[PDB]
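Every chain is numbered from 1, with letters handed out A, B, ... down the list of sequences. Heavy atoms only: backbone and side chains are in, while hydrogens, waters and symmetry mates are out.
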Amino acid sequence: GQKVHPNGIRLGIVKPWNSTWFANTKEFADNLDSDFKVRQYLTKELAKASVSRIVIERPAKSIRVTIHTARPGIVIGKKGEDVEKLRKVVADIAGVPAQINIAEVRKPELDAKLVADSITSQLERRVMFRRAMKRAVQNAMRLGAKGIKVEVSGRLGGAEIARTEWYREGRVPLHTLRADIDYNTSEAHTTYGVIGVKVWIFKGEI
Amino acid sequence: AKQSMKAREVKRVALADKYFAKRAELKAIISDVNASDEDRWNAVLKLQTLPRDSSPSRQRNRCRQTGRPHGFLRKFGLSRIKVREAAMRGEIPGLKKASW
Amino acid sequence: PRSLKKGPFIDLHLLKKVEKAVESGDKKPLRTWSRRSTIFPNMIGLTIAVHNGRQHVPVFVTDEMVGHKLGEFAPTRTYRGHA
Amino acid sequence: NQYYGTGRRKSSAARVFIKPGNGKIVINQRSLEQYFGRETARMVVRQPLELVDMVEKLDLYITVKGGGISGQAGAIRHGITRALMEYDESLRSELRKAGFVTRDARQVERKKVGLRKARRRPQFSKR
Amino acid sequence: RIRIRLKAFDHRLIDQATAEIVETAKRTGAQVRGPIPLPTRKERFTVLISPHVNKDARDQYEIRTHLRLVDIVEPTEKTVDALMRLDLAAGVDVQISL
Amino acid sequence: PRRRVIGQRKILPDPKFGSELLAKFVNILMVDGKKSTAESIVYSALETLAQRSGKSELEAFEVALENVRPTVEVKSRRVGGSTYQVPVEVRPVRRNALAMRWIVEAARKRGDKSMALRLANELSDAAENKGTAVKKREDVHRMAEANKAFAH
RNA sequence: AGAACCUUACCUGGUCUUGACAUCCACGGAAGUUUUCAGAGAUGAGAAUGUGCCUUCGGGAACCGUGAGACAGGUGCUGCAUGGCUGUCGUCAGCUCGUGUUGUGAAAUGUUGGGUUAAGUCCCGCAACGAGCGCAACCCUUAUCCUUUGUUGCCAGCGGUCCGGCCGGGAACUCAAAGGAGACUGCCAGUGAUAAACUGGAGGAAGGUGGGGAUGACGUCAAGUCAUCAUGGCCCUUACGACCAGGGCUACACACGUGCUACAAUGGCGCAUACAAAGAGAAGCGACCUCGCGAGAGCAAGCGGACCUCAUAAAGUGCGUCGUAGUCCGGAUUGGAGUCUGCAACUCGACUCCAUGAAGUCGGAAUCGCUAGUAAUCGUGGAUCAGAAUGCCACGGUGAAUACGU
Ligand SMILES: [Mg+2]
Ligand SMILES: [Mg+2]
Ligand SMILES: [Mg+2]
Ligand SMILES: [Mg+2]
Ligand SMILES: [Mg+2]
Ligand SMILES: [Mg+2]
Ligand SMILES: [Mg+2]
Ligand SMILES: [Mg+2]
Ligand SMILES: [Mg+2]
Ligand SMILES: [Mg+2]
Ligand SMILES: [Mg+2]
Ligand SMILES: [Mg+2]
Ligand SMILES: [Mg+2]
Ligand SMILES: [Mg+2]
Ligand SMILES: [Mg+2]
Ligand SMILES: [Mg+2]
Ligand SMILES: [Mg+2]
Ligand SMILES: [Mg+2]
Ligand SMILES: [Mg+2]
Ligand SMILES: [Mg+2]
Ligand SMILES: [Mg+2]
Ligand SMILES: [Mg+2]
Ligand SMILES: [Mg+2]
Ligand SMILES: [Mg+2]
Ligand SMILES: [Mg+2]
């Protein structure tokens with residue numbers, strides 16, 4: 001059968017939203033449209049910066065964007081010569097003045113998005129999927145994670161028939177609401193087609 | 001959808017908001033009860049002159065991302081599929097699964 | 001249907017063509033694609049070829065036809081029977 | 001002094017005041033017979049005060065809101081029983097044994113997606 | 001006399017905002033009435049979860065809006081000036097009327 | 001059911017007679033959830049019958065009730081394609097239920113002008129063994145009489 | 001979750017070729033505002049006008065036209081090349097792993113046995129010892145009480161009244177929305193293997209999972225979707241790409257699925273009068289007053305809302321009539337006269353008035369849903385939406401019969 005989104009079912013319990021502004025009906029569609037464009041752009045340039053999440057907030061007639069990254073030095077640039085240009089382009093796109101903050105991600109091997117992106121890159125570079133999946137599981141578990149599950153599906157190895165394979169260690173109780181689960185996905189465009197990757201990481205009870 | 005449909009929608013919006021005021025004044029003239037039927041006839045003949053695409057009724061709601069013309073929701077500006085996709089990632093503020 | 005306070009409906013180009021034809025004698029039949037246009041008493045005695053979707057059907061306006069629309073005299077479906 | 005009571009039933013809420021008196025019953029600034037044309041509602045209202053037999057020895061001032069007819073009558077029962085408890089405690093076991101004290105928690109079930117009603121299903125055919 | 005209305009999607013944030021507003025207003029010297037909770041608004045949506053057919057499979061979502069009212073009586077010229085400069089947290093819609 | 005968990009539900013007495021059995025009769029006669037109509041109809045019919053008899057509503061209803069209620073019925077039991085018609089007793093509550101149901105169904109099929117008149121005429125007839133309800137009871141008794149060879 | 005034009009992907013006709021939609025180079029360049037002729041329109045030609053804005057006066061360029069190709073474009077094929085998403089078995093109680101042991105081996109044990117539960121739920125014994133995904137708990141709503149605040153919500157005790165909580169007033173009460181208590185086989189009795197548990201009783205708003213929702217294990221059906229989107233391979237490039245008008249998707253000897261309205265007296269009609277819940281509102285909802293029999297029209301307050309509008313709830317009740325008739329049941333079809341939305345109601349919209357008054361008297365062989373505030377029946381709101389619900393999604397009123405048993 002099908003499973004519920006691990007993020008969606010815990011938004012009122014343990015997980016917070018990625019957008020934290022208020023608006024009436026007349027502003028709502030425009031706000032989502034601008035947020036979509038901003039996130040797409042920052043994803044476009046900052047690909048080699050290992051950015052996990054982009055939080056967008058709208059205090060009053062302005063905007064504040066906080067990006068979480070594992071390589072803050074390359075994002076910042078030289079004494080801030082890049083944050084200002086990114087700020088100016090975001091201000092151009094959104095139509096309001098902007099301010100940008102950088103948050104460092106300690107232990108980047110415990111973030112599901114980063115692991116998914118790493119696995120995708122390795123698959124693109126022609127690496128055997130079992131090798132990469134086992135490395136991901138070992139790296140996550142050595143840093144104190146309570147559990148990790150990694151699933152890869154698609155036309156594996158260039159075969160004529162697609163299939164799905166997954167590995168798991170620890171506890172991953174998806175039916176427990178209060179539990180802290182980070183779940184995220186990625187796609188790889190190999191010479192034979194697309195390969196999908198999903199990662200679940202279980203951290204703590206409350 | 002096709003790029004042609006998106007171009008057509010953009011052009012229709014442009015023509016509509018370009019001719020809004022003139023359409024308003026001619027329609028106001030026609031809708032009046034205290035007037036001259038000759039003036040009403042002239043106004044009717046003039047209203048047909050404008051391009052058909054200037055009518056607001058010629059525009060179809062579509063998803064801001066994909067262009068799907070079915071399943072629209074006015075509150076968000078997206079169809080059902082994209083609403084669910086975005087809402088499951090916490091990108092729509094205050095929205096969550098309901099149960100009562 | 002059409003509200004009384006608004007009068008009838010006619011197309012400007014069709015009206016122009018009709019007047020130019022009437023003032024200059026009974027000329028050739030007039031091709032037209034306008035089917036939403038009502039029939040005026042000035043049209044009596046004329047021959048108008050109305051589009052039906054694929055071709056132009058000739059209609060000879062008489063005094064009985066005043067009031068309706070042109071498209072009423074150009075069927076758009078072809079049906080002979082079943083079996 | 002007035003003895004107070006509150007009753008709830010279905011979607012109706014009622015408030016009741018009881019004092020010494022000669023038997024007057026007022027509901028929403030109207031008499032008992034004026035408010036309820038149905039007889040069952042009348043026996044429903046009068047059951048508690050008849051079980052303990054202080055009909056003409058008390059005066060009742062009641063108001064109601066929401067719901068229909070039987071729901072309002074049940075709310076009136078609940079309120080009058082609670083007020084009688086607040087006026088005398090030696091009667092509690094007597095009214096509990098008659099079921100007057102339990103609050104009826106039956107609500108209406110919501111409509112569910114895919115069904116015509118709360119439980120009725122659409123017509124199913126094998127082929 | 002001042003009416004203040006606060007709207008928010010979350011109740012914890014708006015409660016903290018109301019607390020800081022009322023404490024700031026009271027430290028100036030004016031008197032306060034509230035906070036009064038107005039009815040919460042619930043907006044519901046129902047959508048299909050399948051790209052093609054399968055009519056009976058749907059999801060249902062809800063948005064809640066919390067709203068509260070605070071009244072300021074005997075305001076001082078310092079009270080209002082401290083009121084604008086409070087810089088309430090983002091995500092709370094504030095309406096002030098006199 | 002397989003579980004055997006149910007109990008029994010409480011029934012309210014009738015408005016102006018203080019009887020549960022009349023309330024059950026009203027419920028049996030009710031359609032679409034319109035109880036007031038059914039209770040008015042039954043009250044009118046009972047009043048008319050009491051006037052035309054003189055005893056009361058209560059024991060007149062009772063007397064009609066002993067004349068229609070059954071005492072033994074049949075149940076099917078498949079063996080090898082055909083069925084045994086085994087006779088079994090009826091509990092008193094089921095006796096009352098069957099009596100009332102037969103009475104109501106017989107009264108619904110008549111050609112009078114009003115349902116109250118229909119019910120009054122039928123129940124007065126049944127008070128002394130002339131209606132269709134007593135005929136149905138006699139047929140049930142006869143059918144149960146024939147197949148007593150399988151009554152263990 | 002709503003085909004007159006548009007949507008539109010299909011048909012006929014008239015037109016385009018670096019192009020309806022992006023980037024690169026060369027050249028004439030404001031952006032726009034009224035205009036006229038020909039044409040079904042696409043388009044072609046023409047007439048006045050602002051021709052700037054930071055600017056090292058070199059201009060960079062929001063953005064218009066021309067010339068080439070590198071390219072753009074495809075709702076074209078393959079769901080049996082794929083990602084993502086969904087249906088179903090099935091909310092069924094199952095599905096595995098590490099180490100040890102047994103077997104030449106596929107494999108087995110654990111997961112079997114006695115009780116017990118809704119449950120691989122729990123207790124005891126056991127060549128097994130432990131662990132994971134499932135079950136249950138954490139989440140939302142309803143039923144009882146407690147504390148804080150009282151406006152636009154409330155009116156028990158007082159003063160006035162135009163009888164209007166209308167005013168002065170009060171924070172008791174309904175109610176609103178934040179935070180707590182509460183239900184745990186907790187206590188009593190009996191059985192039981194002193195265990196797990198089972199039958200009953202007390203208190204309580206609620207008793208043994210109190211009611212309802214969310215939550216769908218490993219997998220099966222080469223199940224559905226290349227037309228939401230994304231994507232390998234194949235295919236077209238003055239056309240399988242692009243623009244416009246008109247038509248079609250609404251046909252009609254027939255067959256089936258899902259519905260609505262009936263065939264009446266537990267009813268039809270007329271007059272008078274009670275009692276809800278939930279929800280929406282700025283290119284919007286629209287009162288009051290006047291005109292019209294009517295759909296509606298004119299003028300026009302209030303509202304971004306516990307305040308204003310939508311917006312008199314219906315079945316019910318009392319009185320009168322009809323008295324079993326294809327009817328004072330039923331409302332299909334058809335003729336005449338209109339209203340409103342919209343450039344435009346012929347094909348092909350909804351609604352109003354007058355006239356007409358079809359089949360239908362409970363439905364063959366067969367077949368469906370439902371265990372309680374349920375079935376049955378009566379009204380109200382919302383999304384889509386210029387206009388267009390008997391469908392879909394929600395909300396309350398009245399309120400049953402039966403379950404011996406497997
Ligand atoms: Mg495209
Ligand atoms: Mg439209
Ligand atoms: Mg509202
Ligand atoms: Mg069309
Ligand atoms: Mg698939
Ligand atoms: Mg061995
Ligand atoms: Mg097993
Ligand atoms: Mg085994
Ligand atoms: Mg064994
Ligand atoms: Mg066992
Ligand atoms: Mg278990
Ligand atoms: Mg569970
Ligand atoms: Mg008890
Ligand atoms: Mg008990
Ligand atoms: Mg297939
Ligand atoms: Mg498939
Ligand atoms: Mg197929
Ligand atoms: Mg296809
Ligand atoms: Mg067309
Ligand atoms: Mg169709
Ligand atoms: Mg009639
Ligand atoms: Mg008849
Ligand atoms: Mg008529
Ligand atoms: Mg059941
Ligand atoms: Mg209902």
Quick one: pull up CD in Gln59(B) and NZ in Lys11(B) and give me the separation to the nearest 0.5 Å.
13.0 Å
What's the CZ-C1' distance between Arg82(D) and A143(G), to the nearest Å?
11 Å
Could you give the CG-to-P distance, from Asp17(B) to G32(G), as a whole number of Å?
12 Å
Mind checking whether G259(G) and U75(G) form a Watson-Crick or G-U wobble pair, both distances under 3.5 Å?
no
Listing time: all N or O pairs from protein to nucleotides 255-258 of chain G that are below 3.5 Å?
from	atom 1	to	atom 2	distance (Å)
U258(G)	OP1	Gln123(D)	OE1	2.8

P atoms of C269(G) and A262(G), separation to the nearest Å:
11 Å
Does a salt bridge link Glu62(E) with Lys97(B), judged by any charged N lying under 4.0 Å from a carboxylate O?
no
Using the P atom as the point on both nucleotides, what is the distance between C354(G) and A388(G), in whole Å?
24 Å
Please give, in whole Å, the distance from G216(G) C1' to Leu177(A) CG?
14 Å
Pairing status of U327(G) with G60(G) is requested, where a pair means Watson-Crick or G-U wobble geometry with both distances under 3.5 Å.
no
Is the distance from the ring center of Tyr79(C) to that of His82(C) below 6.0 Å?
yes
As a test of reading torsions: judging only by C1'-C2'-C3'-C4', is the sugar of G360(G) on the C3'-endo (north) or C2'-endo (south) side?
north
Would the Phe17(D) and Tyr3(D) ring centres measure less than 6.0 Å apart?
no
Check: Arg82(D)/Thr6(D) side-chain N/O donor and acceptor closer than 3.5 Å
no
Flag for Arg80(B)-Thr46(E): side-chain donor and acceptor within less than 3.5 Å
no
Can you check the distance between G281(G) and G304(G), where both ends of the measurement are the P atom (answer in whole Å)?
14 Å
Listing request: all side-chain hydrogen bond (donor to acceptor under 3.5 Å, both in side chains) pairs with a residue in residues 30-42 of chain F, at least two apart in sequence or in separate chains.
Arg38(D)-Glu39(F), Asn27(F)-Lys35(F)
Interatomic spacing from CD in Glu187(A) to NZ in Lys198(A) - rounded to 0.5 Å
8.5 Å
Whole-Å distance between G397(G) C1' and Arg106(D) CZ?
15 Å
Hey, do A242(G) and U15(G) pair up, Watson-Crick or G-U wobble, with both distances short of 3.5 Å?
yes
Output one line per pair: protein atom, nucleotide atom from nucleotides 346-350 of chain G, and distance, for all N/O pairs under 3.5 Å.
from	atom 1	to	atom 2	distance (Å)
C346(G)	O2	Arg35(C)	NH2	3.3
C346(G)	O2	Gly71(C)	O	3.3
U347(G)	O3'	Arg77(C)	NH1	3.2
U347(G)	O2'	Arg77(C)	NH1	2.7
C348(G)	OP1	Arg77(C)	NH1	3.2
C348(G)	OP1	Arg77(C)	NH2	3.4

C92(G) and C135(G), which share atom name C1', separated by this distance in whole Å:
12 Å
What's touching nucleotides 232-236 of chain G from the protein side, N or O pairs under 3.5 Å?
none

Decide if a Watson-Crick or G-U wobble pair links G29(G) and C63(G), counting it only when both distances are under 3.5 Å.
yes
What is the distance from CG of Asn24(A) to P of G281(G), rounded to the nearest Å?
10 Å
Run the pair test on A26(G) and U66(G): Watson-Crick or G-U wobble, both distances under 3.5 Å, answer yes or no.
yes
Just checking: do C37(G) and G200(G) form a pair, Watson-Crick or wobble, with both of the defining distances under 3.5 Å?
no
Who is the Watson-Crick or G-U wobble partner of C252(G), with both distances under 3.5 Å?
none
Exactly one of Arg5(E), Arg3(E), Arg33(E) clears salt bridge (charged side-chain N to carboxylate O under 4.0 Å, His left out) with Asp71(E), and that residue is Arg3(E)
In whole Å, measure the gap between the P atoms of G357(G) and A313(G) for me.
39 Å
Does the pairing criterion hold for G100(G) and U109(G)? That is, Watson-Crick or G-U wobble with both distances under 3.5 Å.
yes
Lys/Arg cation over aromatic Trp200(A): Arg168(A), 6.0 Å, 45° cone:
no
Taking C129(G) first: does it form a Watson-Crick or wobble pair with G98(G), both atom distances below 3.5 Å?
yes
Kindly check if the number of other-residue, nucleotide or ligand heavy atoms within 6.0 Å of CD1 (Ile13(A)) is above 12?
yes
Nearest-0.5 Å distance, CG of residue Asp180(A) to CD of residue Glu205(A):
10.0 Å
Atom pairs, N/O to N/O, protein against nucleotides 149-155 of chain G, distance under 3.5 Å?
from	atom 1	to	atom 2	distance (Å)
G150(G)	OP1	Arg33(E)	NH1	2.3
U152(G)	OP1	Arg3(E)	NH2	2.7

Give me the distance, rounded to whole Å, that separates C293(G) from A280(G) when you measure between the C1' atoms they each carry.
33 Å
Atom CD of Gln72(D) and atom P of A276(G) are separated, to the nearest Å, by 6 Å
Can you tell me how far CZ of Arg58(E) sits from CZ of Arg84(B), rounded to the nearest 0.5 angstrom?
13.5 Å
Kindly say whether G318(G) and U258(G) qualify as a Watson-Crick or G-U pair under the rule that both distances are below 3.5 angstrom.
no
Answer yes or no: is there an ion pair linking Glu43(E) with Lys75(B), defined by an N-O contact shorter than 4.0 Å?
yes
Regarding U142(G), can its base be found pairing with the side chain of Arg8(D) as donor and acceptor, where the two atoms are less than 3.5 Å apart?
no
Looking only at atom P, what distance separates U352(G) and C368(G), rounded to whole Å?
41 Å
Side chain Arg10(A), main chain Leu177(A), donor-acceptor under 3.5 Å:
yes
Do the side chains of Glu169(A) and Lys149(A) get close enough for a salt bridge, i.e. N-O under 4.0 angstrom?
no
Shorter than 3.5 Å, N or O on both sides, protein versus nucleotides 387-390 of chain G: list them out with atom names.
none

Quick one: label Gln60(E) by what it contacts on the DNA or RNA (base, sugar-phosphate, nothing), any heavy atom closer than 4.0 Å.
sugar-phosphate
For the nucleotides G349(G) and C340(G), establish whether a Watson-Crick or G-U wobble pair is present, both distances being less than 3.5 Å.
yes
Rounded to the nearest 0.5 Å, what's the gap from CG on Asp17(B) to CZ on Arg12(B)? Could you check?
14.5 Å
Report the residue (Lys18(B) or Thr40(E)) whose heavy-atom-nearest nucleotide on RNA chain G is the more 5′ of the two.
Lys18(B)
Expected label for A366(G) (glycosidic angle, syn inside 90° of 0, else anti) would be anti
Within the pair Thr102(D) and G204(G), is there a side-chain N or O less than 4.0 Å away from OP1 or OP2?
no
Spacing of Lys34(F) atom NZ relative to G316(G) atom P, expressed in whole Å:
4 Å
Distance in Å, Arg15(D) CZ paired with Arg8(D) CZ, rounded so as to fall on 0.5 Å steps:
12.0 Å
